There are 2 protein chains.
Amino acid sequence: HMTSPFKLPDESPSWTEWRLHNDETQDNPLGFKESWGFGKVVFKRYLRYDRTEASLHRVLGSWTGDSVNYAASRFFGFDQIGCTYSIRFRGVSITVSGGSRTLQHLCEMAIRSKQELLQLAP
Amino acid sequence: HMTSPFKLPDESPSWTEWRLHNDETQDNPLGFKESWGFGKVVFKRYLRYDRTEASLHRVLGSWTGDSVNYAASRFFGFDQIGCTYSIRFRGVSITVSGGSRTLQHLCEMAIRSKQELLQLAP
RNA sequence: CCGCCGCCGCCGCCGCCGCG
RNA sequence: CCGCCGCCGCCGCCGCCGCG
């Protein structure tokens with residue numbers, strides 16, 4: 001059991017939920033997808049998000065610089081490894097990537113990117 | 001001559017400039033690299049940037065939503081095409097990508113990303 | 001970390017596929 | 001646009017290469 005960078009569990013919808021949602025509403029998805037990759041290993045989350053302030057606060061807590069550092073440092077060696085954060089919401093994907101020496105900075109840009117994309121004007 | 005999305009010309013350093021700069025100083029590069037891709041076509045810029053407010057203002061002008069739309073629309077067909085903005089500065093790369101229907105939104109996230117990365121704390 | 005070359009592994013986008 | 005499958009083309013990151 002690899003140690004995840006995430007602090008909240010996955011919330012991917014079932015096929016039937018997604019169909020039901022589709023019938024009743026995408027610029028109004030159930031939520032967004034995000035991932036963190038360290039070398040060859042990728043951890044992924046689908047998280048529900050409804051464009052409210054409470055919901056934004058909840059999903060911004062899915063990972064921290066500390067949680068990312070803990071998970072990522074399991075994979076660090078003599079060489080630097082590639083680290084990548086990606087997020088997709090409403091047709092737009094943002095990826096923030098670089099080497100493990102730069103991880104703190106990557107996390108700073110990743111969290112700013114997530115915040116901006118989740119708040120992008122309707 | 002394809003029409004560029006950029007409003008400022010490329011400023012890539014020569015091999016000798018870069019060596020000279022290296023001898024006299026990277027978290028202090030000569031500048032940053034950015035690119036816009038529409039389907040198979042990629043336009044690139046190296047731009048000098050010295051972490052001042054005047055310099056930030058100058059390089060934020062290298063493209064606009066209008067200039068991107070003009071260049072990109074040359075390539076639009078019945079299907080949507082993939083559009084991608086990338087920027088690299090001080091070891092961190094950000095890419096903002098999606099389909100041509102979402103281009104306006106891509107440009108909004110791209111310009112916010114560029115601003116944040118170019119201002120990321122020393 | 002200026003440009004280019006190819007080689008490795010991973011990732012993202014677009015379009016398509018055919019399953020659940 | 002939930003998950004998965006492969007197919008297309010482009011892109012980004014890490015490491016390596018060998019030129020300028």
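Protein chains get the first letters and strands the later ones, always in sequence-line order, with residue 1 at the start of each. Values below: every heavy atom of this structure, side chains too, minus hydrogens, waters and symmetry copies.
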Side chain to side chain contact (heavy atoms under 4.5 Å, CB included) between B:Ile87 and B:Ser93, intermediate numbers included
CA-CA 6 Å; B:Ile87 179 168; B:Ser93 155; over 6 Å; no

Nearest-nucleotide comparison on RNA chain C, the residue closer to the 5′ end among B:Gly99 and B:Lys33:
B:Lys33

Taking 4.0 angstrom as the limit, do B:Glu17 and B:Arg48 come out as a salt bridge?
yes

Return the CZ to CG distance between B:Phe32 and B:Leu118, rounded to the nearest 0.5 Å.
5.0 Å

Under 3.5 Å, is there an N or O donor on one side and an acceptor on the other linking the side chain of B:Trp15 and the base of D:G20?
yes

Position toward the 5' end of RNA chain D (nearest nucleotide), B:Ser14 or B:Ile94:
B:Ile94

So B:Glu17, base contact, sugar-phosphate only, or nothing? Heavy-atom distance under 4.0 Å.
nothing

Are the side chain of A:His105 and the backbone of B:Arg90 linked by a donor-acceptor contact shorter than 3.5 Å?
no

For atom OH of A:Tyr46 and atom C1' of D:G3, their distance in whole Å
11 Å

B:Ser73 side-chain N/O to B:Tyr70 backbone N/O, donor-acceptor pair under 3.5 Å:
yes

For A:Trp36 together with A:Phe43, are the ring centres under 6.0 Å from each other?
no

First encountered from the 5' end of RNA chain C, between B:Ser97 and B:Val92
B:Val92

Separation of C:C2 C1' from B:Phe89 CZ (nearest whole Å)
15 Å

To the nearest 0.5 Å, tell me how far A:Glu34 CD sits from A:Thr95 OG1.
12.0 Å

Give the rounded distance in Å between these two atoms: CZ of B:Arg19 and P of C:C2.
14 Å

Atom-to-atom span, CD of B:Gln26 to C1' of C:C1 - whole angstrom:
4 Å

Looking only at atom P, what distance separates D:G3 and C:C11, rounded to whole Å?
15 Å

Given D:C1, is OP1 or OP2 found less than 4.0 Å from the side-chain N or O atoms of A:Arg88?
yes

To the nearest Å, give me how far apart CZ (A:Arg101) and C1' (C:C1) are.
15 Å

For A:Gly37, which contact category applies under a 4.0 Å heavy-atom criterion: base, sugar-phosphate, or nothing?
nothing

Taking only nitrogen or oxygen atoms into account, show me every contact under 3.5 Å that the protein makes with nucleotides 7-11 of chain C, one pair per line with its distance.
residue : atom : partner : partner atom : Å
C:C10   : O2'  : A:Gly39 : O            : 3.4

Rounded to whole Å, CD1 of A:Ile87 lies from P of D:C1 at a distance of 12 Å

Do the two ring centres, one from B:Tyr49 and one from B:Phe89, sit under 6.0 Å apart?
yes

Under the 3.5 Å Watson-Crick or G-U criterion, the dot-bracket string of RNA chain D, with | for inter-strand pairs:
.|||.||.||.||.||.|||

Salt bridge check, A:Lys44 against A:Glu11: does any charged N sit closer than 4.0 Å to a carboxylate O?
no

Closer to the 5' end of RNA chain D via nearest nucleotide, is it A:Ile81 or A:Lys44?
A:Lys44

Would you kindly give the OH-to-P distance between A:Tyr49 and D:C2, to the nearest whole Å?
15 Å

What is the distance, rounded to the nearest whole Å, between atom CZ of B:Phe32 and atom P of C:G3?
13 Å

Distance check, P atoms only: D:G6 and C:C7, in whole angstrom units.
24 Å

Salt bridge between B:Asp10 and B:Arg45, side-chain N to carboxylate O under 4.0 Å?
no

